[PDB]
Amino acid sequence: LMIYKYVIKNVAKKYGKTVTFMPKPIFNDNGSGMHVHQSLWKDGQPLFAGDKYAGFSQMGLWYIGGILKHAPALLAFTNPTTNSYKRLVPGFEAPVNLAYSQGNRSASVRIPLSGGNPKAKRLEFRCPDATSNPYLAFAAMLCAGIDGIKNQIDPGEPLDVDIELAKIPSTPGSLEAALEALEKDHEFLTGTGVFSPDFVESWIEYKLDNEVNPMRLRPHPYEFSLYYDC
Amino acid sequence: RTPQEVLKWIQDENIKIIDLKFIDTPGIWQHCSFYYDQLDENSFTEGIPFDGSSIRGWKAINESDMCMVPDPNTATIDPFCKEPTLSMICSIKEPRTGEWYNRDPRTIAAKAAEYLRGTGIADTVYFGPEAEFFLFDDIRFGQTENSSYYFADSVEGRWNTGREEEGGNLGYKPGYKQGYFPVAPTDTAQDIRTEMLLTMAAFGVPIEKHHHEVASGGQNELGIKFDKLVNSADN
Ligand SMILES: Nc1ncnc2c1ncn2[C@@H]1O[C@H](COP(=O)(O)OP(=O)(O)NP(=O)(O)O)[C@@H](O)[C@H]1O
Ligand SMILES: [Mn+2]
Ligand SMILES: [Mn+2]
Ligand SMILES: [Mn+2]
């Protein structure tokens, strides 16, 4: 992913153009997301292939369980910017709703339709964007996945619909909210040894002091549109 | 007022020009100005000639000649004339027959009120129109073979919140659908609407109120009292 981002930016510069991986640079148009497909394997065999929902295995359902349960905390690593929350807005275009489904591109976790191939059986976590550190985002999603199989988190029932909506758990609406969810739920990362409690604390502190707090201080131009006359 | 009272008015006040106004078929006011001596008692019956073939939806070139018959009750001073000018609203007479012209909208209007009185249902119909308008600072339109365009502009226009203005951009541009009816500096048309309201009052119009309308970029409305059919369409 780091190479991917490097060549794209540098070929753009070569042709006198400029690239951004920011989630929402354009208002009233599609955001830039980083959908991340994942699957566990042992002895060359796909472990997410089975006879349960959407041709998945119970382990695969459990991995989704963890992802969905730890998703608000996961967002402090997978969507770590204030701008991330301009894309993760209810309506345009989702995935704001914490549920799994097959084929449904409005759900947080999507099970793509594989051509009856066990090797192509995986989950698509749609929430992430390309502002994330792929090393941190991937390690975090793995940890939530493993905890899901080990605990053995029921992901609930699939939601095979477009757009009552309060019955379904939702993702954080801001960066501080995702940082709050990380303080409350970080044992699936730390207790493992992968992320140190030192790192998890410095992450929250860096994001609050350098992004959340500087943003709260700055007047937004749309505040003139709404408030100049008052 | 009577034909003689209007003629006495012109003599006493030394009014040199008379502006006779009349509507065309689509709805546009037409006019012709005359030196005072051209208007006599007979102008109020026989009427004053003009070309009925240059007015949209009327006579054909071969049967052109028509007559303008002014209404004495409409006489007032037109404030828009530097030279003190008396203005009257006309109805159109057919010189061939001597009867009121069947395509004259003002004749049709009188006929409608005559019909109401004929049925015994009522003697009077009161009409109260409420005509909203836009007050623009600029208008550019056209359409050629390779183009079609219109560009409407106003200082109140919300589309102008980020523009450089001469000394400078003072804000308070009403938002779309948000013009009814915040105070000044949002409403920039208070003084003008009062002037529009007061000058038409002096023209003989029964006036009531005025306000800024819903739309951003100059939508306005002036409120006038009801009147009888012809009087209301004259108003
Ligand atoms: N009995 C009546 N017959 C005919 N017209 C009337 C009558 N009474 C009032 N009007 C007129 O109808 C017009 C209505 O203005 P207004 O009093 O503001 O009513 P309105 O419905 O609140 N106006 P608006 O809010 O823009 O729809 C005025 O010209 C009144 O004089
Ligand atoms: Mn995708
Ligand atoms: Mn109105
Ligand atoms: Mn009104």
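Preceding this section is the structure that the text describes.
Each value, and the rule that gives it
Residues numbered from 1 in each chain as written, not as in the entry; some residues may be left out. Chains lettered and ligands numbered in written order. Part of a larger assembly, values for the part shown. Heavy atoms only, no water. Residues with missing side-chain atoms left out of burial classes, pairs and counts. Helix = DSSP H or I, 4+ residues; strand = E, 2+ residues; numbered from the N terminus. Expected span 1.5 Å × (residues − 1). Bend = angle between axes of the 7 residues up to and from the residue. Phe/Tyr/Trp six-rings, centres within 6.5 Å; stacked < 30°, edge-to-face > 60°. Buried < 20%, exposed > 50% of the residue type's maximum accessible area, 1.4 Å probe, protein only. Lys NZ or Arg CZ within 6 Å of the ring centre and 35° of its normal. Donors = N, O, S within 2.8 Å, 3.2 Å for Na, K, Ca; no water. Pairing = 2+ DSSP bridges. Contact = heavy atoms within 4.5 Å. Axes fitted to C-alpha atoms, helices over the stretch in contact; angles between N-to-C directions. Salt bridge = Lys/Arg side-chain N within 4 Å of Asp/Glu carboxyl O. Core = buried A, V, L, I, M, F, W, Y, C linked by side-chain atoms within 4.5 Å.

Enquirer: Could you give me a rundown of helix 2 (residues 58-78) of chain A, with the residues and numbers involved?
Expert: Counted at 1.5 Å a residue, the expected span for helix 2 of chain A with its 21 residues is 30 Å, but the 25 Å between its end C-alpha atoms falls short. Of all the bends in helix 2 of chain A, the greatest reaches close to 75 degrees and is centred on A:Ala71; the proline A:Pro72 follows between one and four positions later.

Enquirer: Just give me the short version of the packing of aromatic side chains, but keep the residues and values in it.
Expert: All chains considered together, the criterion is met by 21 aromatic pairs over all chains. Measuring from ring centre to ring centre gives 6.1 Å for A:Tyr4 and A:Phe21, while their planes differ by 55 degrees; the resulting arrangement is tilted. Of the two residues, A:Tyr4 is situated in helix 1 (residues 2-14) and A:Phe21 in the loop between helix 1 and strand 1 (36-38); the sequence distance between them amounts to 17 residues. The class for A:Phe21 is buried, based on a relative accessible area of 17%. Taken together, the ring pairs connect A:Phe77, A:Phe195, A:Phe199 and A:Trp203 into an aromatic cluster. In this arrangement the basic side chain of A:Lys5 is found over the ring face of A:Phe21, its NZ or CZ atom lying 5.8 Å from the centre. The residue whose ring lies beneath B:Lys225 is B:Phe226, and the NZ or CZ to ring-centre distance is 5.1 Å.

Enquirer: Can you tell me about the coordination of the manganese ion (ligand 3), naming the residues and giving the values?
Expert: All names here are of chain B. Protein ligation of the manganese ion (ligand 3) involves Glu 132 (OE), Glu 213 (OE) and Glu 221 (OE), the donor distances falling in the range 2.5 to 2.7 Å. Counting residues between consecutive donors of the manganese ion (ligand 3) along the chain gives the motif E-x80-E-x7-E. Between the manganese ion (ligand 3) and the manganese ion (ligand 4), the interatomic distance is 4.8 Å. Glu 221 shares its class with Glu 213; the two are buried.

Enquirer: Just give me the short version of the sheet that holds strand 8 (residues 133-134) of chain B, but keep the residues and values in it.
Expert: Residues and elements named next belong to chain B. A sheet is described by the order of its strands in space; here three strands give the open sequence 8-12-11, paired in antiparallel fashion. A single partner strand is all that each edge strand has here, and the edge strands are strand 8 and strand 11 (207-212). Alignment of strand 11 against strand 12 (residues 219-224), held across five bridges, turns out to be antiparallel. Note on strand 12: the bridge partner recorded for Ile 207 is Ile 224. Along the sheet face, helix 3 (residues 190-201) touches strand 8, strand 11 and strand 12 and points at about 160 degrees away from the line of strand 11.

Enquirer: Which residues make up the sheet that holds strand 6 (residues 123-125) of chain A, and what are the values?
Expert: Residues and elements named next belong to chain A. Across the sheet, four strands lie side by side as 1-6-5-4; this open sheet has mixed pairing. Strands with a single pairing partner mark the edges of an open sheet, and in this sheet they are strand 1 and strand 4 (100-102). Adjacent strand axes in the sheet meet at a mean angle of 30 degrees, parallel and antiparallel pairs treated alike.

Enquirer: Could you give an account of the pattern of salt bridges, with specific residues and numbers?
Expert: Residues and elements named next belong to chain B. Within this structure, the stated rule accounts for 17 salt bridges over all chains. The salt bridge involving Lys 21 is made with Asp 19; its shortest N-O contact spans 2.7 Å. Both residues of the pair, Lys 21 and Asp 19, count as buried. Here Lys 21 makes a salt bridge to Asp 78, at a shortest N to O gap of 2.7 Å. Of this pair, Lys 21 sits in strand 1 (residues 17-23) while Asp 78 sits in the loop between strand 5 (76-77) and strand 6 (85-93), placing them 57 residues apart in sequence. Here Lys 21 falls in the buried class, since its relative accessible area comes to 8%. Bridged by salt links that share partners, the residues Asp 153, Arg 163, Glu 165 and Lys 173 form one connected network.

Enquirer: Tell me about the nonpolar core, and please be specific about residues and values.
Expert: Of all hydrophobic cores here, the largest spans 42 residues; its most connected members are A:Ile67, A:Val109, A:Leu123, A:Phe125 and A:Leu182. Elements that contribute at least two residues to this core include exactly helix 2, strand 5 (109-111), strand 6, helix 4 (134-151), helix 5 (175-184), helix 6 (187-190) and helix 7 (197-217) of chain A. Considering every element that reaches this core, the biggest residue donor is helix 2 of chain A, with 12 residues. Residues within four places of A:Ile67 in sequence aside, it is in contact with A:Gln38, A:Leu74, A:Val109, A:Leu123, A:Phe125, A:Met141, A:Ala144 and A:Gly145. By size, the runner-up hydrophobic cluster in this structure holds 21 residues, among which are B:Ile15, B:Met66, B:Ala75 and B:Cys90.

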